[PDB]
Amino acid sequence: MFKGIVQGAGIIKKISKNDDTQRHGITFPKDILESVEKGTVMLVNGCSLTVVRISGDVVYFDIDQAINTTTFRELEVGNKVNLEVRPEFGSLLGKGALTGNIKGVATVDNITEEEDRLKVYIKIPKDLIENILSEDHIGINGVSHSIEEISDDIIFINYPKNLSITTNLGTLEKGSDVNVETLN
């Protein structure tokens, strides 16, 4: 499993629509690109996916098993995805560790940037699914962080603002769909 610390951003270059599957070609930054190969299983927006092909800096994935419980179906060419390759020589996670099994999609209710914090409010739909506890960490697009507060069906996560920079958290707006991994 994975730390839930995003190591870089990919940009979707190509999408093949195959109805109950899609193939996404993602441009990878050079440091992550050279750390992966065919058959690498890594997190893309917090979801475990297997590399099917690499051509130049474009890394390809098929989304099939994951197509009904993640955002991939509705993403577009040019969108930015979070990337995380498994730890090289191990880790103690303990433990916002992520497994890569996304529980389902949720939707950004509100964002506020203040006081060096990115405050994200995420509305949890009723049929997701189990948990969610304010003492626990949660994965949002592969970023693992403690929950700040839960009010009704809205979870408030108060991120340091520089994760606005190093992950796609800073592309989120009201109505953005996200992959949630509850923990657990």
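All residue numbers are counted from 1 along the displayed sequence.
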| query | finding |
| --- | --- |
| Residue stretch of maximal mean CA temperature factor, 158-166 vs 19-27 | 158-166 |
| Comparing 167-175 with 5-13, the one whose average Cα B-factor in the PDB entry is higher | 167-175 |
| Residue of maximum C-alpha B factor among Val105, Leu92, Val81, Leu75, per deposited coordinates | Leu92 |
| Residue of maximum C-alpha B factor among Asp64, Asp153, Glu37, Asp57, per deposited coordinates | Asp153 |
| CA B-factor ranking of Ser48, expressed as a third of its chain | lowest |
| Lowest, middle or highest third - CA B-factor, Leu133 | highest |
| Entry-reported Cα temperature factor of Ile122, expressed as the chain third it lands in | middle |
